[PDB]
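Undergrad: Have a look at this one.
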Amino acid sequence: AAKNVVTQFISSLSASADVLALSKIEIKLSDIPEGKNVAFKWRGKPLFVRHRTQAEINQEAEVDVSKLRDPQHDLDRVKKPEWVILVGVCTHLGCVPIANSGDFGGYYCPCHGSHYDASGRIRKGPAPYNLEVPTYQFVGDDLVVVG
Amino acid sequence: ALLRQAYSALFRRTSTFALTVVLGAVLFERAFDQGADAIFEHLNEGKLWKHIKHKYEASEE
Amino acid sequence: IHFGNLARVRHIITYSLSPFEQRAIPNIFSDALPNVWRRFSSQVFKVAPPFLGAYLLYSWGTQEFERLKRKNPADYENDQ
Amino acid sequence: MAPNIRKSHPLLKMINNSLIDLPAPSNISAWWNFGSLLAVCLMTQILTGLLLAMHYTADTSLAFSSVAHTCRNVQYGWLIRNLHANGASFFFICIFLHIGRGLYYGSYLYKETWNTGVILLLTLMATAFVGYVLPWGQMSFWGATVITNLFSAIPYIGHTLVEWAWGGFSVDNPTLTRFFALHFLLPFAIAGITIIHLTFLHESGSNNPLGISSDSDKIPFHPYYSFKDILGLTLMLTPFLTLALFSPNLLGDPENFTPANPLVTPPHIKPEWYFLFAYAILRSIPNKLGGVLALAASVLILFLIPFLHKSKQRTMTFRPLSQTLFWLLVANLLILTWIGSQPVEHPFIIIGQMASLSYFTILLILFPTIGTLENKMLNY
Amino acid sequence: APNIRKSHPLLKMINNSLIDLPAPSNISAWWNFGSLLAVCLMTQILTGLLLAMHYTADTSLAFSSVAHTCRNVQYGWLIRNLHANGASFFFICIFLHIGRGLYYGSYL
Amino acid sequence: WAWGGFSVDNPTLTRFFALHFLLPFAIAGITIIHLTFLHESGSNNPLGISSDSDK
Amino acid sequence: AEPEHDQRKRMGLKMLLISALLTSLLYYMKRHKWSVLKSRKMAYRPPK
Amino acid sequence: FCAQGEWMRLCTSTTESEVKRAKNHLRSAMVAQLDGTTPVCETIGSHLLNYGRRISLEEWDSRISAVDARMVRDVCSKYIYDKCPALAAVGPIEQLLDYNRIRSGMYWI
Amino acid sequence: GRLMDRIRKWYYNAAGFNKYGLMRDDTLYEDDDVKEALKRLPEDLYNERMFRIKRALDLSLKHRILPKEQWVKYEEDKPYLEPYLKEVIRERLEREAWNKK
Ligand code: HEM
Ligand code: HEM
Ligand code: HEM
Ligand code: HEM
Ligand SMILES: COc1nn(C)c(=O)n1-c1cccc2ccc(C#CC(C)(C)C)cc12
Ligand SMILES: CCCCCCCCO[C@@H]1O[C@H](CO)[C@@H](O)[C@H](O)[C@H]1O
Ligand code: FES
């Protein structure tokens, strides 16, 4: 009896049904064409899912792994090259970037500069790290489940 | 000698002492407030609404 | 009950006077102040030192921080 | 039963044996005034706090404005709000002098009174930490975020204990609501535990500044100390009110006049003065986990003092080497406090680790060592 | 003192009111409501806190916060039931406690 | 004064929540006093006669 | 930002005056009672 | 505590019953001081020396009979109420303490 | 040479209990050993220590000290309790050691 009541009460404090309901989001890769960045709402913060053309994935390989503050090549960030999924928040002071623009074609944080490439890495600017890459995976050649 | 008078009439009998504190408080409040407010307003001439109020107080439109 | 069990005391006499027969704050100059000085003196060289050292450290670190925000002309001497 | 009803009555008897006929050393100084202040301080917080809670709304969408409505519409809400917020600092100022006094006069040799004391400090800290989050301003949110995220640094059971505390994935409404509950509850635990604190204390009675038995000279609490404390109360109360009435926001971050925004990190996320020193020690150890332990240890270190006493004498009154070491430590703390308010950059970074290092050394190694050495110089 | 149950400033209190405390050998079941009342109290406070961590005191959200607690909070519905019904158990107990005292002149 | 206005409204709800959170604690506190007075005499028993002979 | 601005300050005035008055009074009183211990004299008279 | 208590009663709530009896005691007392030739001589020697004449029991009695509650209260108040007394204590006196506490026992019944 | 002596005499004045008219042994923290030792003191040495201590406490509350003339001098400080205290500890260590064996 004790084990149960405690179990029940303790658990009453963990995330509730409504909250877990937004725990994760599933996006359809079919709605996102290449060369076009689509942003969705995940956990109150913007979620970046850009369809990388075979062209953009190239500009990517051409990146000096040991010439960036947060040293990481596309390899370590994504999974499917044509697919990049980031957490739309500048790693500096929590602002939301702007895709396609910037000195590296990726994203630009209009707060203090912080330029991010097409792979979401801090280039020119104050930001310390590169846009965060959250947990996820794929399901069928058209669905992805972030979170 | 007020001190003696005071002691005898006011501070000796504990019942009269309380009475003195109570009636003493009432008078102290009335006075203390008036004085403080006076010091505050003087130190702030022409700044308070009390002062400028007359300009729009039935003298406009 | 804590009064009467405290200690075994023998042969000590004490004299005291009602509060109404004496002055509340007596001999301010002949006794009070001299001692206030006495006390201050006796302690100053124990307390003051580490606070003074703390100050300097503060002062240095503060100023040193601002100096590092200023520009060093020797970075633009051949920038034509 | 007994002649006077002050000794027979089951209740008055309790009031009497702890505030009237209670034996107190004839020579305790002002440093012994902080106990009552702490107590009075506590009643004041609870009183103002309740008055504020009757107008607050614990909901992200209404917190900030409920507080504003309280200041702008409620009769004297602004005053009550000031008193409560500033009352917190008075509380910590008092607790630090209370703690100091005990360290300098070896009061901690009263182990249980000491230990309950450390628990009082800890509870108090938690109380303010949750209270601060309530107005839901920028610093309210980010402090809440920064500090609760630390637990995710504990191995395996980390990311969970955290998502359990928040009630979700980030400091959000479910966190605010449980913090209000906690903030309402802890002060009572404090009052309760204070009764225990004074109970153990009364087993021995008070210590005194010369640290030698004062049974040879004891005086009744009333009127001696009842008067001395009331005087102490008015003397501290003056700076308090002067601050809370003339410079209401001196000690507070302006960033907290901006409604919390999860998408905007403030430039300088620093705590209220009373937590600065700890925040400094925290950042002294780069490594999420080490820094945490260092933080824990910083306050928990207090539980070891009683066992690190080597002197043959109780107080530091007649121990000049210990006295400078003692004031060195105090100064040490001012510096950590200062470091806690600065960014994480040179020279502050190095100075930080020094002060943090010296802090633990002074208490773990020097104090016990100088103490022994001093014993030898008395030919003991 | 020999055993720490009598010397210790705290255990001593626990001992003189729940262990070595002198009680009549013949008290009946009507003397059981005191403890129940007590236990009952600890239960209310406990469930009450658990509920207060999900309630919102605002006319525009009170009703629904309670509903949100029952529908979304893990066992909120249980906790809610227990608290609400616990109130009655409390009163039932208090009336029997009062009765008992009137019938046996405890009020003396 | 008790409603905080002219009718039972939000200002009343908020102060009631505060009161509802507070009182149980006063109860627990007062219960300690209840049991304290009680222990002065000890419990009464169903026959209403001194039970010192059998405790 | 803070409408109470004026009332708050007017209040600070009242608080200081009263504070000044009460603190002095209580200091005297504290002293008056303690006078008994402050002036107290003792002596050790063993049957020596 | 009890003693000082009784003094406060004297100043604030004496009863005719109490004075009535107190007077009979006092009479038998003055009379008992003239029980013998030495004790009557002691009286004479003293009276003259102190009052500048002799005071007969007949007189003492006239004065003693005029005393009543209302009177006792006024006199005691005049000599005891709120006065700062003189205290002498000898022996294992640790439990008797503070002149302040004793002084405060000099007022309010 | 006379270093140890220079130092000790120095610390002795540095501390300053003598300004209260206290003997070094008067300032000892009263733990268990010291408490037993005090029970063995002869009636006269006990009442003397008692007065010295009560005197110091009165000076403390008064925020005064003794006139320089009355200060206990380093070389005139009588280690009245040290002898007893040392034996008390010796006796304890005997027992402690014997209950191990
Ligand atoms: C809400 C918190 C606290 C309250 C209300 C409180 C209250 C008191 C009171 C009323 C006293 C007696 C008067 C005095 O000596 O000041 C006291 C004594 C004491 N307290 Fe606390 N205290 C608190 C926190 C602490 C803390 C944090 C510690 C230390 C870790 C502590 C250590 C002591 C000790 C050891 C004594 C004995 C003093 C002596 O040497 O005589 N207390 N406290
Ligand atoms: C140990 C006692 C307490 C401490 C140290 C304390 C501390 C605090 C702190 C630090 C804040 C932030 C104030 C600000 O800057 O805006 C606060 C807010 C609050 N406290 Fe307390 N508090 C205490 C007790 C209470 C109690 C007992 C209640 C009522 C049950 C309470 C209710 C509130 C409320 C309603 C707020 C939000 C309103 C505001 O922001 O001013 N507090 N408290
Ligand atoms: C939260 C409310 C209460 C609690 C927790 C409480 C608790 C207790 C407890 C633990 C006892 C001892 C065991 C027993 O005799 O049942 C007791 C005894 C008693 N209580 Fe209460 N009580 C409560 C309310 C009251 C009320 C409302 C009354 C009556 C107006 C009352 C009258 C008594 C009396 C007179 C006794 C003596 C029993 C005897 O005859 O031996 N109690 N109570
Ligand atoms: C003497 C103990 C208590 C009694 C008699 C009691 C009784 C009740 C009652 C009559 C309700 C209405 C329940 C319903 O039918 O919807 C209620 C609601 C509530 N109580 Fe308590 N309560 C107690 C203690 C507490 C405490 C200590 C807290 C937490 C600090 C609390 C928090 C709540 C909350 C959050 C509600 C609203 C949720 C709901 O409606 O179920 N209560 N309580
Ligand atoms: C709600 O967060 C806060 N409450 N309070 C009162 C406060 O100062 N903060 C804060 C606001 C901003 C930055 C902070 C950094 C560290 C801490 C802390 C701490 C402990 C408990 C470990 C001593 C609190 C911060
Ligand atoms: C140490 C205790 C100091 C208490 C000071 C009490 C003074 C508060 O006085 C306040 O002044 C305001 C301005 O006129 C008025 O509006 C308030 O009604 C009045 O209560
Ligand atoms: S927040 Fe993006 S550059 Fe500063």
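Chain labels run A, B, ... following the order of the structure tokens; each chain numbers its residues from 1, and ligands are numbered from 1 in the order shown.
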I want to know what sits within 7 Å of region 71-83 of chain H, based on only C-alpha atoms, with residues of the same chain fewer than 4 positions away left out; could you give that as a ChimeraX atom specification?

TA: /H:10-12,14,67,106-107

Undergrad: For N, CA and C atoms, I'd like the residues from the last selection saved as a PDB file, in the first residue's frame.

TA:
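And here is the file that came out, part.pdb:
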ATOM      1  N   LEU H  10      -1.738  45.955  51.369  1.00  0.00           N
ATOM      2  CA  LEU H  10      -1.857  47.001  52.382  1.00  0.00           C
ATOM      3  C   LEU H  10      -2.182  48.359  51.776  1.00  0.00           C
ATOM      4  N   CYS H  11      -1.522  48.688  50.678  1.00  0.00           N
ATOM      5  CA  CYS H  11      -1.726  49.974  50.036  1.00  0.00           C
ATOM      6  C   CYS H  11      -3.006  50.035  49.220  1.00  0.00           C
ATOM      7  N   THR H  12      -3.436  48.893  48.703  1.00  0.00           N
ATOM      8  CA  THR H  12      -4.589  48.905  47.829  1.00  0.00           C
ATOM      9  C   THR H  12      -5.891  48.271  48.249  1.00  0.00           C
ATOM     10  N   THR H  14      -6.921  46.960  51.874  1.00  0.00           N
ATOM     11  CA  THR H  14      -7.078  46.549  53.257  1.00  0.00           C
ATOM     12  C   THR H  14      -8.566  46.515  53.597  1.00  0.00           C
ATOM     13  N   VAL H  67      -7.724  54.538  63.867  1.00  0.00           N
ATOM     14  CA  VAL H  67      -7.199  53.918  62.653  1.00  0.00           C
ATOM     15  C   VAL H  67      -8.213  52.993  62.003  1.00  0.00           C
ATOM     16  N   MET H 106       7.237  46.688  43.811  1.00  0.00           N
ATOM     17  CA  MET H 106       6.810  47.771  44.665  1.00  0.00           C
ATOM     18  C   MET H 106       5.595  48.504  44.113  1.00  0.00           C
ATOM     19  N   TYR H 107       4.965  47.963  43.077  1.00  0.00           N
ATOM     20  CA  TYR H 107       3.779  48.615  42.547  1.00  0.00           C
ATOM     21  C   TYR H 107       2.870  47.670  41.800  1.00  0.00           C
TER      22      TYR H 107
END

Undergrad: Show me which residues line ligand 2, defined as having an atom within 6 Å of a ligand atom where only C-alpha atoms and all ligand atoms count, and present them as a PyMOL selection string.

TA: chain D and resi 42+45-46+49-50+52-53+56+67+81+85+88+124+127-128+131-132+134-135+184+187

Undergrad: Would you kindly report the residues of chain C within 9 Å of chain D, using only C-alpha atoms, as an MDAnalysis selection string?

TA: chainID C and resid 1:3 6:9 45:51 53:55 57:58 61:62 64:65

Undergrad: Could you take the residues named above and write them with N, CA, C and O atoms, as a PDB file, in the first residue's frame?

TA:
ATOM      1  N   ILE C   1      13.237  25.446  36.515  1.00  0.00           N
ATOM      2  CA  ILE C   1      14.059  25.859  37.699  1.00  0.00           C
ATOM      3  C   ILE C   1      15.552  25.864  37.326  1.00  0.00           C
ATOM      4  O   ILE C   1      16.204  24.807  37.255  1.00  0.00           O
ATOM      5  N   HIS C   2      16.080  27.062  37.070  1.00  0.00           N
ATOM      6  CA  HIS C   2      17.488  27.217  36.737  1.00  0.00           C
ATOM      7  C   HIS C   2      18.188  28.188  37.687  1.00  0.00           C
ATOM      8  O   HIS C   2      19.405  28.347  37.627  1.00  0.00           O
ATOM      9  N   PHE C   3      17.422  28.823  38.570  1.00  0.00           N
ATOM     10  CA  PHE C   3      17.986  29.759  39.542  1.00  0.00           C
ATOM     11  C   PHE C   3      18.045  29.165  40.951  1.00  0.00           C
ATOM     12  O   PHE C   3      17.031  29.076  41.654  1.00  0.00           O
ATOM     13  N   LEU C   6      22.669  26.735  39.787  1.00  0.00           N
ATOM     14  CA  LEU C   6      23.806  27.158  38.978  1.00  0.00           C
ATOM     15  C   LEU C   6      25.220  26.899  39.493  1.00  0.00           C
ATOM     16  O   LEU C   6      25.947  26.096  38.901  1.00  0.00           O
ATOM     17  N   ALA C   7      25.628  27.564  40.573  1.00  0.00           N
ATOM     18  CA  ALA C   7      26.988  27.362  41.085  1.00  0.00           C
ATOM     19  C   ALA C   7      27.184  27.509  42.593  1.00  0.00           C
ATOM     20  O   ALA C   7      26.364  28.104  43.296  1.00  0.00           O
ATOM     21  N   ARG C   8      28.290  26.952  43.074  1.00  0.00           N
ATOM     22  CA  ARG C   8      28.649  26.999  44.482  1.00  0.00           C
ATOM     23  C   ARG C   8      29.501  28.235  44.646  1.00  0.00           C
ATOM     24  O   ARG C   8      30.654  28.252  44.232  1.00  0.00           O
ATOM     25  N   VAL C   9      28.940  29.272  45.244  1.00  0.00           N
ATOM     26  CA  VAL C   9      29.667  30.511  45.429  1.00  0.00           C
ATOM     27  C   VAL C   9      29.832  30.880  46.887  1.00  0.00           C
ATOM     28  O   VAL C   9      28.885  30.814  47.671  1.00  0.00           O
ATOM     29  N   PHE C  45      44.221  47.282  14.477  1.00  0.00           N
ATOM     30  CA  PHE C  45      45.264  46.588  13.755  1.00  0.00           C
ATOM     31  C   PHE C  45      45.031  45.121  13.537  1.00  0.00           C
ATOM     32  O   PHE C  45      45.898  44.426  13.015  1.00  0.00           O
ATOM     33  N   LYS C  46      43.853  44.648  13.926  1.00  0.00           N
ATOM     34  CA  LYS C  46      43.501  43.244  13.739  1.00  0.00           C
ATOM     35  C   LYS C  46      42.434  43.175  12.666  1.00  0.00           C
ATOM     36  O   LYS C  46      42.511  42.342  11.762  1.00  0.00           O
ATOM     37  N   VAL C  47      41.460  44.076  12.757  1.00  0.00           N
ATOM     38  CA  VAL C  47      40.367  44.137  11.804  1.00  0.00           C
ATOM     39  C   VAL C  47      40.752  44.859  10.506  1.00  0.00           C
ATOM     40  O   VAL C  47      40.747  44.280   9.419  1.00  0.00           O
ATOM     41  N   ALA C  48      41.091  46.131  10.631  1.00  0.00           N
ATOM     42  CA  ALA C  48      41.432  46.962   9.496  1.00  0.00           C
ATOM     43  C   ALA C  48      42.293  46.362   8.379  1.00  0.00           C
ATOM     44  O   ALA C  48      41.926  46.433   7.212  1.00  0.00           O
ATOM     45  N   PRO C  49      43.446  45.770   8.711  1.00  0.00           N
ATOM     46  CA  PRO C  49      44.346  45.180   7.720  1.00  0.00           C
ATOM     47  C   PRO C  49      43.730  44.354   6.601  1.00  0.00           C
ATOM     48  O   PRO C  49      43.798  44.745   5.437  1.00  0.00           O
ATOM     49  N   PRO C  50      43.111  43.203   6.925  1.00  0.00           N
ATOM     50  CA  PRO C  50      42.532  42.428   5.822  1.00  0.00           C
ATOM     51  C   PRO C  50      41.462  43.159   5.010  1.00  0.00           C
ATOM     52  O   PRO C  50      41.258  42.843   3.848  1.00  0.00           O
ATOM     53  N   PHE C  51      40.774  44.130   5.599  1.00  0.00           N
ATOM     54  CA  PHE C  51      39.778  44.874   4.835  1.00  0.00           C
ATOM     55  C   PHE C  51      40.508  45.787   3.873  1.00  0.00           C
ATOM     56  O   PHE C  51      40.107  45.930   2.716  1.00  0.00           O
ATOM     57  N   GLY C  53      43.491  45.285   2.631  1.00  0.00           N
ATOM     58  CA  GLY C  53      43.992  44.435   1.569  1.00  0.00           C
ATOM     59  C   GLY C  53      42.899  44.057   0.578  1.00  0.00           C
ATOM     60  O   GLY C  53      43.142  43.932  -0.630  1.00  0.00           O
ATOM     61  N   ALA C  54      41.681  43.873   1.082  1.00  0.00           N
ATOM     62  CA  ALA C  54      40.548  43.517   0.232  1.00  0.00           C
ATOM     63  C   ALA C  54      40.251  44.675  -0.703  1.00  0.00           C
ATOM     64  O   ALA C  54      39.963  44.489  -1.883  1.00  0.00           O
ATOM     65  N   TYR C  55      40.323  45.882  -0.162  1.00  0.00           N
ATOM     66  CA  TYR C  55      40.070  47.078  -0.946  1.00  0.00           C
ATOM     67  C   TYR C  55      40.996  47.200  -2.139  1.00  0.00           C
ATOM     68  O   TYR C  55      40.550  47.373  -3.270  1.00  0.00           O
ATOM     69  N   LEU C  57      42.863  44.966  -3.585  1.00  0.00           N
ATOM     70  CA  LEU C  57      42.547  43.919  -4.564  1.00  0.00           C
ATOM     71  C   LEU C  57      41.354  44.327  -5.434  1.00  0.00           C
ATOM     72  O   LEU C  57      41.349  44.153  -6.650  1.00  0.00           O
ATOM     73  N   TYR C  58      40.337  44.879  -4.795  1.00  0.00           N
ATOM     74  CA  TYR C  58      39.162  45.335  -5.508  1.00  0.00           C
ATOM     75  C   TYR C  58      39.587  46.409  -6.490  1.00  0.00           C
ATOM     76  O   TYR C  58      39.354  46.275  -7.690  1.00  0.00           O
ATOM     77  N   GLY C  61      41.891  44.987  -9.448  1.00  0.00           N
ATOM     78  CA  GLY C  61      41.038  44.259 -10.366  1.00  0.00           C
ATOM     79  C   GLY C  61      40.018  45.100 -11.118  1.00  0.00           C
ATOM     80  O   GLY C  61      39.725  44.821 -12.275  1.00  0.00           O
ATOM     81  N   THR C  62      39.458  46.124 -10.481  1.00  0.00           N
ATOM     82  CA  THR C  62      38.482  46.942 -11.171  1.00  0.00           C
ATOM     83  C   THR C  62      39.178  47.706 -12.289  1.00  0.00           C
ATOM     84  O   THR C  62      38.827  47.557 -13.460  1.00  0.00           O
ATOM     85  N   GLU C  64      42.151  47.330 -13.626  1.00  0.00           N
ATOM     86  CA  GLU C  64      42.788  46.444 -14.576  1.00  0.00           C
ATOM     87  C   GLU C  64      41.790  45.961 -15.606  1.00  0.00           C
ATOM     88  O   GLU C  64      42.141  45.716 -16.759  1.00  0.00           O
ATOM     89  N   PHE C  65      40.541  45.822 -15.188  1.00  0.00           N
ATOM     90  CA  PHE C  65      39.487  45.342 -16.076  1.00  0.00           C
ATOM     91  C   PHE C  65      39.143  46.366 -17.136  1.00  0.00           C
ATOM     92  O   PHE C  65      38.891  46.012 -18.282  1.00  0.00           O
TER      93      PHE C  65
END

Undergrad: Enumerate as number ranges by chain the residues within 7 Å of ligand 1, counting only C-alpha atoms and all ligand atoms.

TA: D: 31-36, 38-39, 42, 95, 98-99, 102, 105-108, 110, 113-115, 117-118, 120-121, 190, 194, 197-198, 201, 206-208, 302

Undergrad: Give me, as a short mmCIF file (atom, residue, chain, number, x, y, z; two decimals) with C-alpha atoms, in the first residue's frame, the residues of chain C touching chain G, with the criterion being at most 7 Å (counting only C-alpha atoms).

TA:
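part_23.cif, freshly written:
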data_model
loop_
_atom_site.label_atom_id
_atom_site.label_comp_id
_atom_site.auth_asym_id
_atom_site.auth_seq_id
_atom_site.Cartn_x
_atom_site.Cartn_y
_atom_site.Cartn_z
CA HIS C 11 32.37 34.98 50.11
CA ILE C 12 31.49 37.50 47.47
CA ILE C 13 29.80 40.76 48.42
CA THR C 14 28.05 43.13 46.03
CA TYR C 15 26.68 46.60 46.31
CA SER C 16 24.25 48.19 43.87
CA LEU C 17 21.92 51.23 43.86
CA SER C 18 18.35 51.67 42.64
CA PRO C 19 18.18 53.08 39.05
CA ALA C 24 21.74 56.59 33.32
CA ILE C 25 24.70 57.65 31.19
#

Undergrad: List all protein, DNA and RNA residues that have an atom no more than 8 Å from any atom of ligand 4, counting only C-alpha atoms and all ligand atoms, and report them as a PyMOL selection string.

TA: (chain D and resi 181+185) or (chain E and resi 41+44-55+66+80-81+83-87+90) or (chain F and resi 17+20-25+27)

Undergrad: Please provide the set of residues having any atom within 10 Å of residue 116 (chain A), restricted to only C-alpha atoms, with same-chain residues fewer than 6 positions apart removed, written as a PDB file with N, CA and C atoms, in the first residue's frame.

TA:
ATOM      1  N   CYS A  90      19.686  31.769 -31.057  1.00  0.00           N
ATOM      2  CA  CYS A  90      21.083  32.158 -31.082  1.00  0.00           C
ATOM      3  C   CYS A  90      21.686  31.681 -29.769  1.00  0.00           C
ATOM      4  N   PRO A  97      17.250  33.601 -35.083  1.00  0.00           N
ATOM      5  CA  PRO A  97      17.893  33.881 -36.378  1.00  0.00           C
ATOM      6  C   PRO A  97      16.986  34.120 -37.591  1.00  0.00           C
ATOM      7  N   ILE A  98      17.625  34.457 -38.708  1.00  0.00           N
ATOM      8  CA  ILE A  98      16.944  34.715 -39.971  1.00  0.00           C
ATOM      9  C   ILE A  98      17.691  33.943 -41.056  1.00  0.00           C
ATOM     10  N   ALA A  99      17.007  32.963 -41.647  1.00  0.00           N
ATOM     11  CA  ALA A  99      17.577  32.088 -42.675  1.00  0.00           C
ATOM     12  C   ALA A  99      17.713  32.679 -44.069  1.00  0.00           C
ATOM     13  N   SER A 101      19.868  34.550 -45.281  1.00  0.00           N
ATOM     14  CA  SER A 101      20.744  35.719 -45.253  1.00  0.00           C
ATOM     15  C   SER A 101      22.004  35.464 -44.429  1.00  0.00           C
ATOM     16  N   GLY A 102      22.784  36.522 -44.245  1.00  0.00           N
ATOM     17  CA  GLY A 102      24.014  36.405 -43.493  1.00  0.00           C
ATOM     18  C   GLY A 102      25.190  36.297 -44.438  1.00  0.00           C
ATOM     19  N   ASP A 103      26.390  36.405 -43.882  1.00  0.00           N
ATOM     20  CA  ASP A 103      27.613  36.320 -44.660  1.00  0.00           C
ATOM     21  C   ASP A 103      27.926  34.883 -45.061  1.00  0.00           C
ATOM     22  N   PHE A 104      27.232  33.911 -44.465  1.00  0.00           N
ATOM     23  CA  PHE A 104      27.472  32.518 -44.830  1.00  0.00           C
ATOM     24  C   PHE A 104      26.215  31.786 -45.302  1.00  0.00           C
ATOM     25  N   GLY A 105      25.299  32.550 -45.904  1.00  0.00           N
ATOM     26  CA  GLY A 105      24.062  32.010 -46.450  1.00  0.00           C
ATOM     27  C   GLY A 105      23.147  31.239 -45.518  1.00  0.00           C
ATOM     28  N   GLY A 106      23.639  30.917 -44.324  1.00  0.00           N
ATOM     29  CA  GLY A 106      22.834  30.174 -43.368  1.00  0.00           C
ATOM     30  C   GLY A 106      21.810  31.030 -42.645  1.00  0.00           C
ATOM     31  N   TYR A 107      22.144  31.438 -41.422  1.00  0.00           N
ATOM     32  CA  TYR A 107      21.246  32.263 -40.622  1.00  0.00           C
ATOM     33  C   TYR A 107      21.968  33.469 -40.009  1.00  0.00           C
ATOM     34  N   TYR A 108      21.204  34.524 -39.743  1.00  0.00           N
ATOM     35  CA  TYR A 108      21.749  35.749 -39.171  1.00  0.00           C
ATOM     36  C   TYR A 108      20.926  36.253 -37.975  1.00  0.00           C
ATOM     37  N   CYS A 109      21.569  36.390 -36.811  1.00  0.00           N
ATOM     38  CA  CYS A 109      20.899  36.887 -35.605  1.00  0.00           C
ATOM     39  C   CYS A 109      21.001  38.410 -35.583  1.00  0.00           C
ATOM     40  N   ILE A 122      28.285  28.839 -35.684  1.00  0.00           N
ATOM     41  CA  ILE A 122      28.686  30.208 -35.429  1.00  0.00           C
ATOM     42  C   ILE A 122      29.931  30.539 -36.234  1.00  0.00           C
ATOM     43  N   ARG A 123      29.820  31.573 -37.058  1.00  0.00           N
ATOM     44  CA  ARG A 123      30.935  32.010 -37.885  1.00  0.00           C
ATOM     45  C   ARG A 123      31.416  33.349 -37.345  1.00  0.00           C
ATOM     46  N   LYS A 124      30.859  34.417 -37.903  1.00  0.00           N
ATOM     47  CA  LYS A 124      31.201  35.772 -37.509  1.00  0.00           C
ATOM     48  C   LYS A 124      30.174  36.280 -36.512  1.00  0.00           C
ATOM     49  N   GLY A 125      30.638  36.672 -35.330  1.00  0.00           N
ATOM     50  CA  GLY A 125      29.732  37.180 -34.317  1.00  0.00           C
ATOM     51  C   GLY A 125      30.093  36.798 -32.893  1.00  0.00           C
ATOM     52  N   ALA A 127      28.102  35.116 -30.569  1.00  0.00           N
ATOM     53  CA  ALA A 127      27.611  33.813 -30.119  1.00  0.00           C
ATOM     54  C   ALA A 127      28.755  32.838 -29.862  1.00  0.00           C
ATOM     55  N   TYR A 129      28.563  29.195 -29.224  1.00  0.00           N
ATOM     56  CA  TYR A 129      28.358  27.914 -29.915  1.00  0.00           C
ATOM     57  C   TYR A 129      27.579  28.022 -31.227  1.00  0.00           C
ATOM     58  N   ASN A 130      27.183  26.865 -31.761  1.00  0.00           N
ATOM     59  CA  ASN A 130      26.402  26.792 -32.999  1.00  0.00           C
ATOM     60  C   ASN A 130      24.967  26.430 -32.599  1.00  0.00           C
ATOM     61  N   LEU A 131      23.993  26.828 -33.415  1.00  0.00           N
ATOM     62  CA  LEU A 131      22.593  26.535 -33.128  1.00  0.00           C
ATOM     63  C   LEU A 131      22.498  25.097 -32.646  1.00  0.00           C
TER      64      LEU A 131
END

Undergrad: Quick one: residues within 10 Å of residue 38 (chain I), only C-alpha atoms counted, chain neighbours fewer than 3 positions away excluded, as a list in words?

TA: residues 30, 33, 34, 35, 41, 42, 45, 46, 49, 81, 84 and 85 of chain I

Undergrad: Please identify the residues whose atoms come within 9 Å of ligand 7, using only C-alpha atoms and all ligand atoms, and report them as number ranges by chain.

TA: A: 89-97, 108-115, 125-127; D: 264-265

Undergrad: Which chains and residue numbers are within 8 Å of ligand 6, counting only C-alpha atoms and all ligand atoms, if I want them as a list in words?

TA: residues 33, 36 and 37 of chain B; 234, 237 and 238 of chain D; 7, 8, 10, 11, 12, 14, 15, 16, 18, 19 and 22 of chain G

Undergrad: Check every protein, DNA and RNA residue against ligand 3, keep those with an atom at most 6 Å away (counting only C-alpha atoms and all ligand atoms), and present them as a ChimeraX atom specification.

TA: /E:31-35,37-38,98,101,106-107 /F:31,43-44

Undergrad: Taking only C-alpha atoms and all ligand atoms into account, report as a PyMOL selection string which residues have an atom no farther than 6 Å from an atom of ligand 5.

TA: chain D and resi 125+128-130+132-133+139-140+143-144+147+269-272+275+278-279

Undergrad: As JSON, numbers by chain, please: all residues of region 129-282 of chain D that backbone DSSP puts in strand (DSSP E or B).

TA: {"D": [137, 218, 219, 220, 259]}

Undergrad: Could those selected residues go to a file with C-alpha atoms, as a short mmCIF file (atom, residue, chain, number, x, y, z; two decimals), in the first residue's frame?

TA:
data_model
loop_
_atom_site.label_atom_id
_atom_site.label_comp_id
_atom_site.auth_asym_id
_atom_site.auth_seq_id
_atom_site.Cartn_x
_atom_site.Cartn_y
_atom_site.Cartn_z
CA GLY D 137 10.29 39.22 -14.08
CA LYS D 218 23.36 35.39 35.86
CA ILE D 219 20.52 37.88 35.40
CA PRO D 220 16.86 37.41 34.46
CA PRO D 259 8.15 40.47 -17.77
#
